Structures are given as C-alpha cells and as structure tokens.
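Report on the following structure.
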Ligand SMILES: CC(=O)SCCNC(=O)CCNC(=O)[C@H](O)C(C)(C)COP(=O)(O)OP(=O)(O)OC[C@H]1O[C@@H](n2cnc3c(N)ncnc32)[C@H](O)[C@@H]1OP(=O)(O)O
Ligand SMILES: *C(=O)CCCC[C@@H]1SC[C@@H]2NC(=O)N[C@@H]21
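Chains as they are written, first to last, in PDB author numbering: chain A, 456 to 546; chain B, 33 to 539.
Dropping the structure here:
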C-alpha cells in the first residue's frame, strides 16, 4: 500500500478472505500479530513473540463489543439456515 | 360438580400422565417425557392432540380402580407439522403402567396409522414400552397384530420412521422391523424380545442389559438400528433434519428445496483423490462430500458394514440417495453385511422416487468360509435385485476398480441405468491382469511378456467403453456438473414393467 496503515489493513482483510481447509494453518497467529499495538507502533524485537505469548499462543481475545458482534452474527446465521429450511417448492 | 370442572380435572391429569413423582423420576434418569419430546420435535404450536380423554375399559384384576384410570392410556397421539409440512406422530408414555400396550393403546396408534395412510403423510413414532399389559391378557396381543397390519399396509405408501427413546420388550420390538428407519439413543434405548433374566434362566450365559440389546450393539454389530444419538435433545434435532429429506408420500417426487450452491461449479479436489497405485486406499467420503450441495451428507449406520457407504444428500436442491464403496475397509469388497444394508437403502429410495447415485470401486467379493457358509450368494443377490428392479434415475460413476460380477451388482448400465461415467483411473474387467493372463496362457512360456501386452491393452477403462458399457470418460473435476445435468433431465422419467401381484425378492 501507499502507507504503513494501508498495507496493514489490506493484510488483515486478505487473511480473513483467505480460505484454507483440510489442514491446520497459522492464520490466527498472523491475524493477531499484525494488529498488535506493539507491531503497529513498531516496538518489535527478535524475541517479540516470546514476550507477548509467554505461555503459548491462545487465540484472539474478544472484547465486549466483539463478543456482541460474534453472538449477533452467529445467531442471525443460525436463523438464516432455519428459514431456508422452510422454503419448499409448493406441492 | 359441573361437567366443565370434570373436564378440566381430566385435562390436568392427562398432562401429568403417570403423575408428578413419576415425571420427577423420568428426569432423574435423564429422559424427557412423551409430551416434552413432541414439543421439541414439531413446529411450535402445530401439534393437535387426539383422543386425550380415552381410558381403558378393562375391569378385571383391579383395573376398575380409580387409581388405574389414566386418561390417554399411556400414549400421546396427534398431528402437526415440521417446517410447514404435515406429519403424524405418536409417543409412548413410560410413566403410565410402564408404557405397556393395552387394547385401547393400540387402537389409538392404529387410528393415526389410518389417517396418515388416507391423506398421505409420514408417521413418526417415539417408542418406549415394557411390553404387553398382562392384566388384559390377549387383548394386547390383538393390539400388536392390528399395528403390524397397518405398518405393512403403509409400506411404500408413506415413510415410516421409528425413534426408540427407551427400553422395548415383547411384541413391541417388532414394529421398528416393519418401518423404514430405526434410530436409538445411546445408553438409554434398548431393543430385545426377552430380558437378561430369561437368557440366564434358559441357558448358561451371562449378559447385562446393554450387552443384550443396547444401542451400541444394534448400531455396531447386529445391523438393526440405523443410528444412535447421544441424548434426547440431539436425537430430535437430527430427526427434524432427517425428516426434511423425504417426500410426504410415495406419490410425490423427491422434494426440491431452495439451494444457493451453483450447479455448474467444478471440484478440482477430485482429480488427485484416486491413487495410481492399485494397493493404496483412499476415503470415498471425500468424493461424496465434495459433490453434494454445500458439502452436507447424512450418513446411515456409520459403524456397521463400513465397507459400503449409503446416505442422503442434495444436489441442486433435490434429495438424492448415494451408495458407494469404501476402499479403506476390506479393500472395498462386498460381503453379507454390506449387501443387506445396501439393498434395504436402494429399495426405499426407489419406492419413494429418490434418485440414486452410485460410486463404484469394488474389487470383488470377500472370500472365505465365513462368507460361504453364511449364504453370501443368497445375500449378494439382494443388492443386485434392488438395483435391477429400480425405476428411478440411476447415475453411476466408476472411480477405480470394478472387477468380476461386482461390476453388475453395483448398478451397471445394463440393469436399466441411465448414465455411466468412468474416471481415467477406472478399470473394468472380469478379473485383474494376474488372474486373467495366467489362466489364458496356462502352461505357456513367456507369460510375463504376454502379461505386459495384456496390461497395456486391457488394464484401462477403454475395452468396456468402446463397447457401450460407459457413456463417457470425464475429468473427475467435472463429476458434479455431469451428475447435476443428468438429474435435472431424468426427473421426468417414466417406464413400464409387466404386471405382477408383488415382487419376489430372493431373501
Ligand atoms: C413374550 C412377549 O413378547 S410378551 C412380553 C411381556 N412384556 C411385559 O410384560 C414386560 C416385560 N417385563 C417387564 O415388566 C420389565 O420390567 C420391563 C420390560 C417393563 C422393563 O422393566 P423396567 O424398564 O425396569 O421398568 P420397571 O418394570 O422397573 O417399571 C416399574 C413400573 O412399571 C410398571 N410395569 C413394569 N413392567 C410392567 C408390565 N410387564 N406390565 C405392566 N406394567 C409394568 C409397574 O406398574 C411398575 O410400577 P411402579 O411405578 O410402582 O414401579
Ligand atoms: C490375492 O490373493 C488376490 C486376492 C483377490 C482380490 C480381491 S479379494 C476379493 C475379491 N475377489 C476377487 O476374485 N478379487 C477380489
């Protein structure tokens, strides 16, 4: 991108639109590191990951608003399948 | 006391059934009541209860006592809808005389059986019974006979589904044998004629309740139950999903539902599934999941006769049945157990106008005295018969092996098939190169040199295709597109057959 924020935002978007299924991949780790406040500011050392994840990688941690969005999306998608299940060709 | 007060008092008792203390025990054991199960199964508010005020008329052995007068007489019957589609249900209530069958009990079930046949709607039974009610004696035996007569009459007319939600003993254990699918609940449901008490008394054998007739036995070893589910809530959730596959009656075409999965997409993942080396197995399920709409597949008997895969799926919205081999198990060979499961599935789908898709990869039959003495010949004829007599669209794709008589058993084109596709890895022959060449050139010199020439000419799908056995040889990635095209034009197919009172299956 033209600047540091544009390239990072575009990377975040590419990772969420990148479909890998059949194996275990490391997208969750890449998606969280690039959005880390130290990475965006640039306070990165060669041992960065060892201090951020001293007990291992745990996955993306949700905040209050993100949990509400995840619950709303999962609930709306659940209902969308329940409604599709009722649309038959008329007998 | 007014009549309205008496009516209200009967309504309250009918809802409690066997009483609150029994209901409390019902939950302690981890079971739902008969009415709670229906509320989960059917669309909210759609259920209408029939004959809620019927009571038994037996007066002998103290049955005339007020303490025995349970409105509903141990069954909840009525009608409703699942996703807007009409279905009839009944559920046996274990808290009232142990769920035992009375004369009036059967009568109510028969009533539902008759309305469903007349209109053309499926019947779903939730069975849980301790057997015949001995206080009435022979009245309950007539009850079973009348139910059996309806279950036979309804065969091929309306789907019949039986979900077992508890123990089942005596004559009751035969109704799931007449219906089309039997499902169970793990560690909760049982199917047996006599209990362990009789086995110990008759013969010197030691067995417990789970070993004799538990859900794990019937879904893994005897081949009686089509699938067991972990608990009551999950069992009914999957039952609603299963229901959505089937037509309401055999007079109806396979249901077609809204579908977002483009019918003309390719599946590149198929081109490399089948190894070039003949001794390397692969998972047939990977092919099935990639072809079917949105990768949804409903597998039947996942733990029984694993060498053959049968189940339900949709393609372009239309329900289809899928049958295929599993090369991972017993090299993909046919045996007694696989023929029984296959023939039963094929026949149901034909009766209710559900197209068949066949994925062939079968090297022959399982050899050995275990199968010879078991009647492998008599049993293999069941699958050949089920395909040969089918009148619904049949689309066969051969993914790799098809040796010997198994070629024709697995729905070959000459059994009135509609289309037959081969992948480039398919090989159709009476037997493999080793057997065929050593037999043809028996006692000759330089057999291995002759084998090299034989393999180059015959170890491929071409000597069959050039004779009209195969309609095309397709890149595997296009399989879904080809099948979708055939299904949407064979759906209007009609054929005639000579009249016969009934079919005569080899048994
Ligand atoms: C040969 C043939 O095919 S005919 C078979 C005849 N079948 C029967 O009569 C039932 C078989 N034997 C039994 O009764 C067994 O106990 C079974 C099959 C009901 C299973 O027993 P369980 O699941 O443990 O239920 P259990 O018998 O403990 O239930 C007890 C209650 O149910 C009722 N009950 C149990 N068995 C029967 C029965 N055979 N008939 C009528 N009511 C029964 C009792 O009223 C008893 O009352 P309670 O609430 O005060 O205890
Ligand atoms: C080697 O011993 C040859 C084994 C036979 C190959 C398989 S096993 C069962 C099927 N029957 C048959 O003739 N071929 C198949």
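No residue lacks a Cβ here, since even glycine has one placed at the ideal position from N, Cα and C.
Kindly indicate which residue of the options has the alpha-carbon position closest to the one of residue i.
i: residue 484/A; options: 523/A, 537/A, 467/A and 524/A; result: 467/A
i: residue 114/B; options: 129/B, 233/B and 76/B; result: 76/B
i: residue 518/B; options: 146/B, 209/B, 429/B and 484/B; result: 429/B
i: residue 364/B; options: 442/B, 46/B, 192/B and 254/B; result: 442/B
i: residue 538/B; options: 385/B, 371/B, 444/B and 451/B; result: 371/B
i: residue 48/B; options: 64/B, 34/B and 209/B; result: 64/B
i: residue 98/B; options: 476/B, 351/B and 87/B; result: 87/B
i: residue 160/B; options: 193/B, 66/B and 73/B; result: 66/B
i: residue 358/B; options: 380/B, 392/B and 332/B; result: 392/B
i: residue 124/B; options: 153/B, 100/B and 162/B; result: 162/B
i: residue 218/B; options: 266/B, 177/B and 212/B; result: 266/B
i: residue 263/B; options: 281/B, 221/B and 314/B; result: 221/B
i: residue 544/A; options: 291/B, 387/B and 473/B; result: 291/B
i: residue 504/B; options: 301/B, 482/B, 458/B and 468/B; result: 458/B
i: residue 317/B; options: 356/B, 308/B and 346/B; result: 356/B
i: residue 339/B; options: 298/B, 122/B and 395/B; result: 395/B
i: residue 326/B; options: 347/B, 463/B and 307/B; result: 347/B
i: residue 307/B; options: 432/B, 228/B, 271/B and 334/B; result: 432/B
i: residue 276/B; options: 119/B, 58/B, 252/B and 511/B; result: 119/B
i: residue 91/B; options: 506/B, 309/B and 169/B; result: 169/B
i: residue 258/B; options: 510/B, 208/B and 228/B; result: 208/B
i: residue 624/B; options: 297/B, 343/B, 413/B and 387/B; result: Because chain B is modelled from 33 through 539, residue 624/B falls outside the range shown and cannot be assessed.
i: residue 101/B; options: 136/B, 78/B and 403/B; result: 136/B
Establish whether the CB of residue i and some CB of chain A are separated by less than 8 Å.
i: residue 326/B; result: no
i: residue 3/B; result: What is shown of chain B runs 33 to 539, which leaves residue 3/B out entirely.
So with CB distances below 9 Å, who are the chain A contacts of residue i?
i: residue 499/B; result: In chain order: nothing, as chain A lies at least about 39 Å away.
Less than 8 Å between the CB atoms is what I'm expecting for residue i and residue j, so what's the real figure, rounded?
i: residue 470/A; j: residue 493/A; result: No, residue 470/A and residue 493/A are not in contact; Cβ-Cβ is about 19 Å, not under 8 Å.
i: residue 62/B; j: residue 128/B; result: Actually they are not in contact, since the Cβ atoms of residue 62/B and residue 128/B sit about 19 Å apart, beyond 8 Å.
i: residue 158/B; j: residue 197/B; result: 5 Å
i: residue 46/B; j: residue 103/B; result: 4 Å
i: residue 434/B; j: residue 460/B; result: 5 Å
i: residue 354/B; j: residue 408/B; result: Not a contact, Cβ separation roughly 24 Å.
i: residue 385/B; j: residue 286/B; result: 6 Å
i: residue 452/B; j: residue 501/B; result: 7 Å
i: residue 155/B; j: residue 112/B; result: Residue 155/B to residue 112/B, Cβ: 12 Å. No contact.
i: residue 336/B; j: residue 369/B; result: 7 Å
i: residue 191/B; j: residue 212/B; result: 6 Å
i: residue 475/A; j: residue 482/A; result: 7 Å
i: residue 438/B; j: residue 382/B; result: Residue 438/B to residue 382/B, Cβ: 20 Å. No contact.
Name the chain A residues that come within less than 7 Å of residue i, Cβ to Cβ?
i: residue 290/B; result: 539 and 542
Whose Cβ in chain B lies nearer than 9 Å to the Cβ of residue i?
i: residue 546/A; result: 117, 279, 280, 284, 285 and 287
- request: Taking a Cβ distance cut-off of 9 Å, strictly less, list which residues of the stretch 256 to 284 of chain B are near chain A, in chain order.
  value: 272, 273, 276, 279, 280 and 284
message: Any C-beta of chain A within less than 9 Å: which residues of the stretch 102 to 119 of chain B qualify?
response: 115, 116 and 117
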